[PDB]
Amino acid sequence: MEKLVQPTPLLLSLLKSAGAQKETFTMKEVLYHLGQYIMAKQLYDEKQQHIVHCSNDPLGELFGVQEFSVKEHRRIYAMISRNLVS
């Protein structure tokens, strides 16, 4: 089985803008919708497309960074865990 987690308000709002419909998700579902948000907002770098630019988007406040690479899975997981109801 997989644990169902509960995104805090800001993260949840970004997930729902990407199409998410519920309030609890597996981590796989959180990541998927977050990736969809990034694609929709065109936050990825044009030239190195694994790089995500947050400096001009609310995602930047949420995570607390300016850029991250989708290769940094531990960093991304950490940023998400900071934004779950404990």
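Quick note: we count residues from 1 along the sequence shown, nothing fancier. Think of the rigid core as the biggest set of C-alphas that the two forms share within 1.5 Å after superposition.
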TODO: Going by root mean square C-alpha distance after a core fit, say whether 57-65 or 26-34 is farther from the shown form in 6 other deposited structures of this protein.
DONE: 57-65
TODO: Using the B-factors recorded in the PDB entry, average over the C-alpha atoms of 10-18 and of 68-76, then report which stretch comes out higher.
DONE: 10-18
Task: Residue stretch of maximal mean CA temperature factor, 48-56 vs 30-38 - done: 48-56
Task: For residue 81, the third of its chain into which the C-alpha B factor falls - done: middle
